[PDB]
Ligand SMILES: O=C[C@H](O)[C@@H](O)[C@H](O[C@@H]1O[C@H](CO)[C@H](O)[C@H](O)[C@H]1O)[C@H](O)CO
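First, one chain by itself in structure tokens, the form solved without the named molecule.
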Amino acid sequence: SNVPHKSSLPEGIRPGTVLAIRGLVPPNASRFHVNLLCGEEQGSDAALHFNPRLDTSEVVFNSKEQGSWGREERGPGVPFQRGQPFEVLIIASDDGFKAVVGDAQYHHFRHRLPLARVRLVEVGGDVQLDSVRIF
């Protein structure tokens, strides 16, 4: 099911980077995640934690700095559902991350960590990954 999928970013990501994720939410999915991490260690700091929760019908955005999670932000409802495919874009700007779902602007997450700290993209949880691409 391609999970957990990891994409190393040796030179980081610059403003104007597009992370395109396509996949299927399987019929009994609880939640999956897309993490922009600062290192490969267990529990690495996270510039972005993108967490669709099918079981609670929420989409959580958060960061992790010096080992402690920030305050969660929530998007406007769950634009995913079990047994349906999806296309997500996570777009890095100078100001934050834009989440696009189903070709529609979904949520904007202001930067909390420096963007230059990102070195790894991880995708895992209850998702059957079609493709992960980084432009």
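Numbering starts at 1 and runs along the sequence shown.
Just so it is clear, the following notes concern the form deposited with the named molecule bound, a form of the same protein that is not shown.
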_Quick check on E72: any heavy atom within 4.5 Å of the named molecule in the bound PDB entry?_
yes
*asked:* Taking any heavy atom pair closer than or equal to 4.5 Å as contact, tell me whether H49 reaches the named molecule in the bound PDB entry.
replied: yes
*asked:* Can you work out whether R53 and the named molecule are in contact in the bound PDB entry, taking contact to mean some heavy atom pair no more than 4.5 Å apart?
replied: yes
*Is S44 close to the named molecule in the bound PDB entry, meaning a heavy atom pair under 4.5 Å apart or at it?*
no
*asked:* If the cut-off is 4.5 angstroms on heavy atoms, which of these, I91, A29, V60, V101, is the one near the named molecule in the bound PDB entry?
replied: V60
*Just one of 76 to 84, 36 to 44, 101 to 109, 60 to 68 has residues with a heavy atom within 4.5 Å of the named molecule in the bound PDB entry, so point it out.*
60 to 68
